[PDB]
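Undergrad: Take a look at this one; I'll ask things after.
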Amino acid sequence: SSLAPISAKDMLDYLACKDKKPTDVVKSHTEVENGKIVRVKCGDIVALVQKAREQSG
Amino acid sequence: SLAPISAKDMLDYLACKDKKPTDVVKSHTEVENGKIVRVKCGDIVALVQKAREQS
Amino acid sequence: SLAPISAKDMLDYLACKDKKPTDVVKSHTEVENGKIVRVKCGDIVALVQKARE
Amino acid sequence: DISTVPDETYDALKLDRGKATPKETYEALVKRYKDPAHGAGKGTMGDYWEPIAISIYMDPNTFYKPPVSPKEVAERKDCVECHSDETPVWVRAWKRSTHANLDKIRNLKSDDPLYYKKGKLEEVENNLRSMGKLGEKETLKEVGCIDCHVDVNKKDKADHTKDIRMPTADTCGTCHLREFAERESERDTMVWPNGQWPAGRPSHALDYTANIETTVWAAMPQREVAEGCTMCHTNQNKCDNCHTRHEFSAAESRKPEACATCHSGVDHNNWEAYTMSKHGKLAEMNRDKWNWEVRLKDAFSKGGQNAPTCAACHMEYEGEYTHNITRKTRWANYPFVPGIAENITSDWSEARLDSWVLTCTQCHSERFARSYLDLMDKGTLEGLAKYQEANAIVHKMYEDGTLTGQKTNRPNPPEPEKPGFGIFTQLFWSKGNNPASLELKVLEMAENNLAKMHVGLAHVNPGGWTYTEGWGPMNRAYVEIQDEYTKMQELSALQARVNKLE
Amino acid sequence: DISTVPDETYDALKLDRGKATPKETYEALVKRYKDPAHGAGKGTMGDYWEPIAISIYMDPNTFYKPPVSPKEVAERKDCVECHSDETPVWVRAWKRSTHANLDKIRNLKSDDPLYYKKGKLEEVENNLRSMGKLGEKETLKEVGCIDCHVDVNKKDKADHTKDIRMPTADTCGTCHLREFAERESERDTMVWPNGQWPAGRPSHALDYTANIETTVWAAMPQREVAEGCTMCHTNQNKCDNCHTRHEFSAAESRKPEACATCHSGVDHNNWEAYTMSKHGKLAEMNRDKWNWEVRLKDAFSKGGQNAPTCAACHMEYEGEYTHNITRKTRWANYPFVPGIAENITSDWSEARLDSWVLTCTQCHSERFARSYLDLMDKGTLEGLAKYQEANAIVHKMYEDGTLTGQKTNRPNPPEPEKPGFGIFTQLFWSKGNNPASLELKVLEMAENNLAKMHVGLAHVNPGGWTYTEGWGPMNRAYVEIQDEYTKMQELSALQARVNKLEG
Amino acid sequence: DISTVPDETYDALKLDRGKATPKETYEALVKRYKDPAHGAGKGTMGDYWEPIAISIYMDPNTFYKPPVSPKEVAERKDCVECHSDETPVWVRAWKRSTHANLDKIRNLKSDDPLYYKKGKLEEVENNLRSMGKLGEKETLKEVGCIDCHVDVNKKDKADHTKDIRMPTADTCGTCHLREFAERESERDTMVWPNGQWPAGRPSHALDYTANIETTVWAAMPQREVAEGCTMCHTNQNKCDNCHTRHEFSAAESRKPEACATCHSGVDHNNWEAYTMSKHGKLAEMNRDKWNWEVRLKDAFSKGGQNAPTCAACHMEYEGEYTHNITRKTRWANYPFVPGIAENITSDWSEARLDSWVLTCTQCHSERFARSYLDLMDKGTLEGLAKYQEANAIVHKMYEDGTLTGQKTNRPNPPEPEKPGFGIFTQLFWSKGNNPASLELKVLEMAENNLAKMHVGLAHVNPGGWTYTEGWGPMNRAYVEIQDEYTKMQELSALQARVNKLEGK
Ligand code: HEC
Ligand code: HEC
Ligand code: HEC
Ligand code: HEC
Ligand code: HEC
Ligand code: HEC
Ligand code: HEC
Ligand code: HEC
Ligand SMILES: [K+]
């Protein structure tokens with residue numbers, strides 16, 4: 001069928017977490033808040049993608 | 001000096017430059033009410049000939 | 001540190017090379033009241049000198 | 001059997017790979033090729049547009065009739081002799097072409113780098129014998145005017161007012177079955193896992209169909225403008241856009257310049273990105289040092305080529321070279337197309353990435369190749385995110401109904417188009433405040449500037465994704481979008497204060 | 001008689017074709033060429049601008065005087081010897097040139113495709129005998145430094161401080177009478193039926209005149225910017241823009257690159273359109289298969305050229321090739337110029353269209369050529385209608401006086417320019433809200449985008465009239481004009497609602 | 001001694017140029033080159049950014065580690081044999097190159113136009129003897145894979161997982177001491193009298209340092225976008241940007257196309273301006289008539305060159321040609337940089353103008369050259385003046401705080417950048433109304449259009465400073481700035497009238 005929509009930032013953060021543990025914290029590739037690059041926990045983004053991958057198939 | 005004729009009138013005239021004054025052609029430029037404006041060839045040729053007459 | 005001189009004043013300084021202080025040249029950049037602004041050379045040289053000194 | 005044609009092509013034609021003759025394969029190909037259901041004809045929206053004068057040369061299978069003025073009955077020799085005065089350069093170009101010098105091809109000795117052409121000639125003759133246009137031991141003497149423009153291997157008379165045709169892809173595919181079958185295999189190889197694009201697209205096999213299936217193309221009154229789109233979208237109909245008439249030089253089609261006319265501009269600056277990159281600049285510098293007459297298989301060896309070209313990169317697949325250019329496509333130029341970015345991590349995309357690495361590893365190391373292609377993907381997604389944030393702003397204004405003239409001056413697009421937000425039609429049709437400025441701006445952000453960013457990334461032009469194209473222009477678009485939004489908010493806040501006093 | 005020169009040129013020169021000597025035809029040409037009334041000198045607005053340093057090379061007949069140093073006197077040989085290290089490349093480029101190897105031209109064989117040059121050398125020698133610069137039995141030895149920079153075929157010493165000149169069109173015209181006469185014939189052949197452009201314009205014959213007769217060019221204070229326009233408008237004054245100094249190669253001038261420096265940019269992207277087209281990309285791909293040394297008359301046969309070039313299309317007229325490029329002009333780049341669109345159907349334009357069909361039919365069929373020329377014309381008109389609709393909006397605003405800062409911050413343009421709407425001046429001069437953004441936008445929609453749309457159509461570049469140039473950009477301007485128009489109407493409606501509450 | 005290397009270079013290294021050996025010169029060169037205080041490493045903002053996969057090639061001395069696979073031990077022969085299947089074209093390009101054919105350089109005759117190469121080979125060999133990399137009667141047999149990628153003149157086994165390197169500028173400069181010192185001398189020659197630019201800048205010597213010391217490059221999260229800047233700024237680290245790997249053709253680097261990938265685009269359209277000029281158009285027409293293999297000093301004689309090229313103008317200094325491209329720089333592309341315009345009338349610039357005239361007199365007269373360079377100078381100032389008038393308007397709005405979203409939606413740039421008006425960061429980073437459209441438009445007016453105007457002027461492209469680039473687009477920016485300024489003034493005047501209706 002058709003793929004569930006995932007934003008580019010979430011795609012970047014997912015790819016940034018390749019070969020990394022779920023507790024590893026990576027910098028965003030796109031987002032800046034309060035004068036700093038937003039940090040993302042790898043466990044959250046992998047969970048965010050796995051949820052969407054199951055929201056279509 | 002030639003009298004001013006709009007570009008859209010030149011197109012409609014060129015589209016009618018072969019056929020009858022009662023024939024209807026599509027515009028090359030105009031869209032109204034979600035459709036291409038239909039132009040009667042008698043209207044456009046008369047508009048050009050009354051402009052060429054001012055010379 | 002070199003004192004700040006605007007580009008228009010730099011042009012007017014260039015236009016006044018080998019010219020008397022009473023001589024008047026055209027601006028290369030300025031137009032006022034539909035006419036190119038004329039500049040007295042004594043004014044522009046004084047403006048440059050007070051910056052370098 | 002053709003060694004370079006995919007299995008799924010034969011499966012789609014319902015043919016056995018071991019029990020199919022060149023005649024049967026050609027007939028299966030043309031049956032699909034000339035079928036209106038598979039893309040031929042005027043299309044679904046043919047009742048909205050009519051051909052103009054040039055359209056008979058753009059879609060000859062639908063519109064072409066031979067001229068009425070020269071009431072002539074001619075033979076093979078008459079074509080060359082009369083047109084020596086009527087179209088002299090056409091005769092001169094044909095004269096120095098391979099199509100007219102087939103004896104030179106038979107005189108090619110095995111230590112000549114062009115020797116493969118003899119095998120191709122024998123392959124052509126093989127195909128013609130299978131169909132019944134050539135005798136088993138009769139050599140094809142020449143490919144002249146009467147062959148392409150009337151009928152292959154014709155010796156009898158032809159009516160200049162009845163028998164003259166414009167040589168389409170099937171016409172070329174009579175002799176050149178391999179390349180025509182390779183081209184038509186794009187219908188079967190370019191299948192997206194989640195229908196990101198229609199089946200067989202994007203490809204040269206369905207470029208004209210795509211053109212005529214675009215609503216604005218069919219809907220817009222400016223036929224002469226719309227026909228500019230057609231001139232770039234003719235590969236489906238004719239085979240003379242890379243290797244042109246009437247020389248039909250393969251060396252010409254191998255040069256980067258041959259793709260430039262179509263693969264350039266605001267929504268795909270492939271020519272601009274490539275040429276400006278090291279790869280393209282080296283190609284410009286070393287074009288004299290390379291042998292373009294040598295085929296793509298031997299380009300990096302016998303040809304002496306030390307930089308990649310459009311054809312070398314895009315026609316290569318798993319070591320083989322074909323007229324199919326789809327089997328490595330992942331991004332498909334427009335990164336904003338739904339499903340495309342989400343698909344970039346799939347096994348389908350990864351296998352196609354491996355095919356690209358295979359291409360790169362002919363020169364660069366795998367570590368180097370995979371390093372830059374990682375940069376291409378992420379940079380592309382970085383561009384997409386920038387657009388997506390800016391689109392969220394303008395799309396919110398559309399839903400609120402606050403876009404300039406959205407309820408006061410937003411006239412409906414020409415039939416059969418439906419009114420909507422940020423649609424392609426708004427790039428070739430505009431009336432009143434349809435589209436709004438912000439709407440066009442964010443449309444152009446994706447369609448033009450995001451596309452060019454990825455093209456710059458894909459084709460290794462640093463400035464093509466940073467300062468000049470891509471990031472730079474998208475930065476400006478984002479800023480101007482944000483600026484107008486804030487301006488239109490504080491004007492709405494002021495208008496409310498005036499309403500609060502009435 | 002020069003058979004490539006039209007009758008009307010001799011008529012305007014008051015000369016008989018078969019009776020006029022090469023000396024008489026030249027002098028009558030120069031008489032018109034050096035006349036202020038016919039375009040020479042500083043022009044009608046000369047009292048508003050002064051020359052800069054580079055102006056002595058851009059317009060020598062008006063501005064050039066020789067350098068004060070070096071104070072030197074020299075013969076023919078001394079010109080080469082000193083400049084051999086002073087201006088090394090000029091000597092070498094001259095040494096490679098035909099002007100320095102005239103004996104090689106005499107030794108050319110009849111079967112050689114370059115033999116026409118021998119006939120031209122004797123053609124030149126015949127011209128020089130008539131003018132009393134060369135003897136009846138005497139042959140021209142060389143065309144050297146002293147010949148163009150001092151005096152043709154000088155046989156004595158020259159003063160570097162008083163005798164040095166910059167070789168203008170009349171300098172080259174002394175020997176090359178044909179090409180000078182052909183170029184000057186543009187004055188007589190470029191006559192528009194309804195005065196769409198001034199007589200003899202647009203042309204290379206009056207390109208400098210056109211430049212200096214433009215109000216902004218004379219009025220603007222930025223002289224160095226203004227002389228940037230001059231550098232593209234010097235064909236009238238000098239003959240070294242297509243075939244450059246000091247090689248003066250005719251083969252160079254036949255290459256599309258020779259036109260590019262001038263025939264390019266926002267308001268006429270000819271180079272960009274041509275090169276991106278199939279015609280131009282083939283010219284890039286096959287430039288080594290073609291013999292550029294072969295004359296334009298033989299290029300499509302003996303040269304091997306299979307794709308058209310700038311020179312081949314624009315210098316061809318009715319089976320001839322001349323330095324006159326005006327006789328097939330119908331649109332003249334700018335489609336918005338009053339009378340141009342209306343004239344496109346006249347017998348005058350139809351005859352020039354037939355001449356264009358001739359040019360295309362050397363390769364393509366008439367049915368094909370006319371099919372595309374029809375697309376060109378209608379497409380251009382479709383572009384003009386788009387602009388005209390946008391202009392009707394912005395022009396209305398100007399007449400209503402509603403443009404941003406029109407009655408508040410619209411300062412007058414520099415003298416002798418008069419204020420107006422969407423005038424050319426506003427492209428090279430701006431102050432306050434003169435021009436307004438909408439005004440400049442619709443100005444550029446016509447000047448830049450519409451012109452580029454035509455060029456793209458005329459030069460077969462599909463993307464150059466659709467996505468990238470022309471229609472795409474014109475779409476944006478239209479949208480942005482309509483958007484701002486509505487915004488300013490809504491602002492004016494809010495303006496009135498505040499004024500009501502204050503009454 | 002190296003004759004082409006300036007005296008100020010030796011003074012910075014504390015070396016007596018008369019007695020200093022090649023080894024000492026090289027050591028002092030590398031000592032500075034690999035020193036963090038002189039620009040090496042990650043720089044001052046290193047804690048704010050991390051390398052990506054391709055950074056190991058962009059800055060090898062800092063980031064490169066040999067690949068884990070294959071786990072193999074290899075010799076000189078093995079490099080060629082295996083990579084003939086693994087990276088086939090790289091071996092092929094190396095084979096048809098000079099580095100693999102040093103006997104072809106020894107066999108060069110005195111009447112050959114490429115004879116100068118034999119003296120360069122002998123100078124390279126003398127350098128390696130001084131450093132101890134070559135024996136006194138040993139001759140350099142080849143320059144192969146193991147030489148650049150492991151160690152110069154290596155005879156023993158090498159580990160693919162431990163010993164492999166990406167050849168940096170000091171790797172090439174081991175043999176090519178002259179060119180490396182010529183390039184490094186830009187640190188010493190490019191010194192501005194009033195600190196207009198940082199010492200040694202702009203230059204190819206410190207282009208990577210400049211890149212990584214740019215705040216937005218280190219601050220921005222879009223690393224793959226940031227690395228696009230890096231790819232144009234790698235001359236400091238590697239020597240393969242003009243003469244590319246693996247052919248390393250000097251003729252190639254002499255061609256205008258070699259400079260194009262970097263010296264092009266929105267803020268410095270050098271390629272665009274040069275190609276469109278007569279000079280560049282002639283170069284495209286005459287490229288088959290010129291001998292590119294001939295060295296730059298014989299280019300206009302033995303080569304037959306009659307139109308100037310990027311390399312010919314910018315590498316030339318006082319009659320001699322050198323990898324230093326800084327010694328004649330006066331404007332430095334961006335005419336808005338404080339001090340630059342004020343410095344154009346100094347003796348420092350006037351002397352460098354004499355040097356340019358010299359370059360031009362190769363073809364033109366001095367009078368002609370001084371006539372056009374006067375135009376370039378005054379025209380550039382005329383474009384600068386137009387920017388400065390427009391900037392006054394936008395800057396006034398910033399001081400007044402009346403820019404759109406200045407007080408409601410102006411978030412701070414990523415660390416360690418600090419908020420400001422019309423800063424470079426706002427071209428590669430934007431959030432909310434930082435920057436505002438007017439602020440970005442005036443920034444680009446200087447950064448892009450004023451810059452391109454000068455380049456157009458400097459490279460003789462008439463349309464490039466009038467209609468198409470420079471004056472035209474600046475006119476538009478000025479027009480649009482003025483238009484918005486008026487609109488916002490009468491909008492705030494209307495806002496004030498609504499406030500008076502709220503007093504009542
Ligand atoms: C219509 C479907 C087409 C037919 C029939 C042919 N072409 Fe092409 N062409 C292109 C390239 C880059 C090459 C070189 C391929 C290589 O070196 O491996 C070719 C070559 C051919 C040949 C072989 C000629 C030879 O002797 O080498 C034939 C018979 C042929 N082509 C027929 C490019 C393109 C292209 C641009 C993308 C298109 C649309 C086509 N070719 C279409 C056809
Ligand atoms: C033989 C009589 C000639 C001719 C026809 C020319 N030269 Fe000379 N020249 C010399 C120097 C030092 C200059 C440069 C002057 C400066 O830049 O101020 C020139 C210049 C020229 C020009 C260009 C003049 C201009 O306005 O730019 C031309 C067209 C020219 N020359 C031609 C030096 C000498 C000599 C000194 C020994 C001699 C003798 C010549 N030149 C000879 C000739
Ligand atoms: C049969 C009569 C043919 C028709 C119809 C067309 N071509 Fe052909 N062509 C034919 C032969 C026997 C050969 C020689 C073998 C070979 O492949 O080289 C060719 C040659 C070509 C080439 C290569 C020319 C060169 O660069 O040397 C090309 C690019 C080519 N042919 C293309 C082509 C196209 C586009 C056609 C349709 C209009 C076409 N050919 C018709 C035989 C026949
Ligand atoms: C085959 C047995 C090899 C021999 C012998 C040598 N190398 Fe190699 N090399 C080989 C492979 C399969 C690869 C690809 C590794 C990858 O993942 O890309 C390489 C790589 C290199 C590289 C580039 C490494 C990088 O960081 O991209 C270089 C510079 C290189 N090899 C050089 C080199 C030298 C100098 C050798 C001789 C001592 C040598 N290689 C031997 C396979 C083999
Ligand atoms: C010592 C072993 C060397 C190293 C390490 C590098 N090069 Fe070299 N190179 C060397 C010699 C003895 C020669 C021949 C003499 C000469 O200078 O011509 C060369 C050649 C070149 C050339 C010229 C090639 C040509 O056009 O014919 C270039 C442009 C060049 N070398 C550059 C270069 C670069 C970029 C290097 C680093 C990767 C490098 N060389 C390393 C000796 C040695
Ligand atoms: C201009 C437009 C246009 C004018 C209006 C029309 C109708 C088309 C049609 C399309 C379609 C549809 C697509 C997407 C592909 C698909 O299957 O649905 C678009 C693509 C396209 C490409 C491919 C870009 C890539 O993937 O890299 C190219 C090369 C195009 C170029 C032509 C062009 C020549 C300069 C002009 C004019 C247009 N197109 Fe298109 N087209 N096109 N196109
Ligand atoms: C893009 C940008 C960029 C992306 C963000 C970064 C970080 C840089 C850094 C700079 C710096 C700093 C300067 C000014 C010089 C200095 O030392 O302080 C700038 C110069 C520059 C030029 C020189 C222009 C001139 O003087 O003529 C060139 C040619 C550069 C080009 C690259 C480029 C390739 C197309 C890309 C991408 C960037 N730069 Fe840069 N750089 N740069 N640059
Ligand atoms: C830039 C401008 C400019 C600078 C302010 C000046 C004063 C001119 C003058 C003209 C005029 C006027 C015309 C129209 C023709 C005429 O007689 O009245 C304009 C035409 C022009 C063409 C012809 C275009 C065509 O195809 O018809 C060309 C090639 C140019 C070229 C230069 C140029 C190219 C980079 C620059 C600089 C200017 N012009 Fe012009 N000119 N010009 N021009
Ligand atoms: K060549």
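As shown in the structure tokens, the chain order sets the letters A, B, ...; within each chain, residues go from 1, and ligands are also counted from 1 in the order they appear.
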Enumerate, in order of chain and increasing residue number, the residues of chain F with an atom no farther than 6 Å from chain D, each with its shortest atom pair and distance in Å to one decimal, counting only C-alpha atoms, as JSON lines.
TA:
{"residue": "F:53", "atom": "CA", "partner": "D:371", "partner_atom": "CA", "distance": 5.0}
{"residue": "F:54", "atom": "CA", "partner": "D:371", "partner_atom": "CA", "distance": 5.1}
{"residue": "F:87", "atom": "CA", "partner": "D:363", "partner_atom": "CA", "distance": 5.1}
{"residue": "F:88", "atom": "CA", "partner": "D:362", "partner_atom": "CA", "distance": 5.9}
{"residue": "F:89", "atom": "CA", "partner": "D:363", "partner_atom": "CA", "distance": 4.8}
{"residue": "F:90", "atom": "CA", "partner": "D:363", "partner_atom": "CA", "distance": 5.6}
{"residue": "F:224", "atom": "CA", "partner": "D:379", "partner_atom": "CA", "distance": 5.0}
{"residue": "F:225", "atom": "CA", "partner": "D:379", "partner_atom": "CA", "distance": 5.8}
{"residue": "F:228", "atom": "CA", "partner": "D:462", "partner_atom": "CA", "distance": 4.6}
{"residue": "F:257", "atom": "CA", "partner": "D:281", "partner_atom": "CA", "distance": 5.7}
{"residue": "F:261", "atom": "CA", "partner": "D:276", "partner_atom": "CA", "distance": 5.4}
{"residue": "F:265", "atom": "CA", "partner": "D:468", "partner_atom": "CA", "distance": 5.3}
{"residue": "F:266", "atom": "CA", "partner": "D:468", "partner_atom": "CA", "distance": 4.9}
{"residue": "F:437", "atom": "CA", "partner": "D:480", "partner_atom": "CA", "distance": 5.4}
Undergrad: Please find the residues contacting ligand 1 at a distance of at most 6 Å between atoms, with only C-alpha atoms and all ligand atoms counted, and report them as an NGL selection string.
TA: :D and (117 or 169 or 172-173 or 176 or 179-180 or 183 or 235 or 239 or 241-242 or 250 or 253-254 or 295-296 or 311 or 321)
Undergrad: Go ahead and save the residues from that selection, with N, CA and C atoms, as a PDB file, in the first residue's frame.
TA:
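This is the output file again_36.pdb:
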ATOM      1  N   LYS D 117      30.360  -2.154 -33.664  1.00  0.00           N
ATOM      2  CA  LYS D 117      29.348  -1.681 -34.611  1.00  0.00           C
ATOM      3  C   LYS D 117      29.019  -2.708 -35.690  1.00  0.00           C
ATOM      4  N   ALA D 169       9.546   6.010 -32.598  1.00  0.00           N
ATOM      5  CA  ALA D 169      10.413   5.089 -31.855  1.00  0.00           C
ATOM      6  C   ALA D 169      10.322   3.650 -32.367  1.00  0.00           C
ATOM      7  N   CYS D 172      12.406   3.323 -35.605  1.00  0.00           N
ATOM      8  CA  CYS D 172      13.804   3.086 -35.256  1.00  0.00           C
ATOM      9  C   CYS D 172      13.979   1.689 -34.664  1.00  0.00           C
ATOM     10  N   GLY D 173      12.983   1.258 -33.889  1.00  0.00           N
ATOM     11  CA  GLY D 173      13.007  -0.037 -33.209  1.00  0.00           C
ATOM     12  C   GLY D 173      12.863  -1.254 -34.104  1.00  0.00           C
ATOM     13  N   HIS D 176      16.753  -1.249 -34.738  1.00  0.00           N
ATOM     14  CA  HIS D 176      17.403  -1.147 -33.439  1.00  0.00           C
ATOM     15  C   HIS D 176      16.486  -1.674 -32.337  1.00  0.00           C
ATOM     16  N   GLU D 179      17.965  -1.323 -28.359  1.00  0.00           N
ATOM     17  CA  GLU D 179      17.841  -0.005 -27.732  1.00  0.00           C
ATOM     18  C   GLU D 179      16.386   0.401 -27.489  1.00  0.00           C
ATOM     19  N   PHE D 180      15.508   0.032 -28.423  1.00  0.00           N
ATOM     20  CA  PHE D 180      14.073   0.298 -28.318  1.00  0.00           C
ATOM     21  C   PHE D 180      13.424  -0.538 -27.215  1.00  0.00           C
ATOM     22  N   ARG D 183      14.776   0.868 -23.871  1.00  0.00           N
ATOM     23  CA  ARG D 183      14.037   2.087 -23.562  1.00  0.00           C
ATOM     24  C   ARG D 183      12.646   1.753 -23.027  1.00  0.00           C
ATOM     25  N   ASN D 235      10.742  12.039 -26.057  1.00  0.00           N
ATOM     26  CA  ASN D 235      11.499  10.779 -26.134  1.00  0.00           C
ATOM     27  C   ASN D 235      10.633   9.531 -26.323  1.00  0.00           C
ATOM     28  N   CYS D 239      13.223   9.184 -31.359  1.00  0.00           N
ATOM     29  CA  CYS D 239      14.509   8.734 -30.821  1.00  0.00           C
ATOM     30  C   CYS D 239      15.679   9.662 -31.163  1.00  0.00           C
ATOM     31  N   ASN D 241      16.541  12.829 -29.865  1.00  0.00           N
ATOM     32  CA  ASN D 241      16.775  13.933 -28.930  1.00  0.00           C
ATOM     33  C   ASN D 241      18.166  13.956 -28.292  1.00  0.00           C
ATOM     34  N   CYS D 242      18.786  12.785 -28.144  1.00  0.00           N
ATOM     35  CA  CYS D 242      20.180  12.700 -27.694  1.00  0.00           C
ATOM     36  C   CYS D 242      21.122  12.576 -28.891  1.00  0.00           C
ATOM     37  N   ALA D 250      26.356   8.460 -32.217  1.00  0.00           N
ATOM     38  CA  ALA D 250      26.383   7.920 -30.858  1.00  0.00           C
ATOM     39  C   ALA D 250      27.341   8.706 -29.968  1.00  0.00           C
ATOM     40  N   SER D 253      25.538  11.698 -28.619  1.00  0.00           N
ATOM     41  CA  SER D 253      24.623  11.340 -27.536  1.00  0.00           C
ATOM     42  C   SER D 253      25.339  10.997 -26.226  1.00  0.00           C
ATOM     43  N   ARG D 254      26.627  10.668 -26.323  1.00  0.00           N
ATOM     44  CA  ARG D 254      27.449  10.336 -25.155  1.00  0.00           C
ATOM     45  C   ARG D 254      27.970  11.586 -24.446  1.00  0.00           C
ATOM     46  N   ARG D 295      32.255   3.167 -27.390  1.00  0.00           N
ATOM     47  CA  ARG D 295      31.033   2.992 -26.606  1.00  0.00           C
ATOM     48  C   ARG D 295      31.263   3.042 -25.091  1.00  0.00           C
ATOM     49  N   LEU D 296      30.169   3.182 -24.346  1.00  0.00           N
ATOM     50  CA  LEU D 296      30.198   3.373 -22.891  1.00  0.00           C
ATOM     51  C   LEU D 296      30.889   2.253 -22.107  1.00  0.00           C
ATOM     52  N   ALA D 311      25.634  10.118 -19.428  1.00  0.00           N
ATOM     53  CA  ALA D 311      25.372   8.791 -19.982  1.00  0.00           C
ATOM     54  C   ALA D 311      26.139   7.691 -19.254  1.00  0.00           C
ATOM     55  N   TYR D 321      25.545  -1.583 -19.763  1.00  0.00           N
ATOM     56  CA  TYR D 321      25.014  -0.323 -20.275  1.00  0.00           C
ATOM     57  C   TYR D 321      23.805  -0.566 -21.179  1.00  0.00           C
TER      58      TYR D 321
END
Undergrad: Could you list, as a list in words, all the residues within 7 Å of ligand 9, counting only C-alpha atoms and all ligand atoms?
TA: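 Listed by chain and ascending number, the contacts are residues 287 and 288 of chain D; 288 of chain E; 288 of chain F.
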Undergrad: Could you save those same residues with N, CA and C atoms as a PDB file, in the first residue's frame?
TA:
ATOM      1  N   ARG D 287      37.630  16.829 -22.998  1.00  0.00           N
ATOM      2  CA  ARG D 287      36.805  16.309 -24.096  1.00  0.00           C
ATOM      3  C   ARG D 287      37.606  16.028 -25.370  1.00  0.00           C
ATOM      4  N   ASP D 288      38.681  16.790 -25.571  1.00  0.00           N
ATOM      5  CA  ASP D 288      39.602  16.569 -26.685  1.00  0.00           C
ATOM      6  C   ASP D 288      40.459  15.323 -26.481  1.00  0.00           C
TER       7      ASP D 288
ATOM      8  N   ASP E 288      34.739  21.020 -33.635  1.00  0.00           N
ATOM      9  CA  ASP E 288      36.018  20.521 -34.149  1.00  0.00           C
ATOM     10  C   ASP E 288      35.875  19.789 -35.475  1.00  0.00           C
TER      11      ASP E 288
ATOM     12  N   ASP F 288      42.227  25.346 -28.377  1.00  0.00           N
ATOM     13  CA  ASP F 288      42.873  24.316 -29.196  1.00  0.00           C
ATOM     14  C   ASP F 288      44.093  24.846 -29.942  1.00  0.00           C
TER      15      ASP F 288
END
Undergrad: I need the strand (DSSP E or B) residues of range 217-442 of chain D per DSSP on the backbone, written as a VMD selection string.
TA: chain D and resid 316 to 317 320 to 321 431 434
Undergrad: Could you write those residues out with N, CA and C atoms, as a short mmCIF file (atom, residue, chain, number, x, y, z; two decimals), in the first residue's frame?
TA:
data_model
loop_
_atom_site.label_atom_id
_atom_site.label_comp_id
_atom_site.auth_asym_id
_atom_site.auth_seq_id
_atom_site.Cartn_x
_atom_site.Cartn_y
_atom_site.Cartn_z
N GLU D 316 24.67 3.18 -16.97
CA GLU D 316 25.35 2.07 -16.32
C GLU D 316 24.46 1.46 -15.24
N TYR D 317 24.39 0.13 -15.23
CA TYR D 317 23.70 -0.62 -14.18
C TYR D 317 24.30 -2.01 -14.01
N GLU D 320 26.57 -3.32 -16.75
CA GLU D 320 26.01 -3.29 -18.10
C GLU D 320 25.52 -1.89 -18.47
N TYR D 321 25.54 -1.58 -19.76
CA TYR D 321 25.01 -0.32 -20.28
C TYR D 321 23.81 -0.57 -21.18
N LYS D 431 -4.45 33.94 -12.55
CA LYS D 431 -5.48 34.95 -12.76
C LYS D 431 -5.91 35.48 -11.40
N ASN D 434 -5.18 33.98 -7.72
CA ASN D 434 -4.94 32.55 -7.81
C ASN D 434 -3.76 32.27 -8.74
#
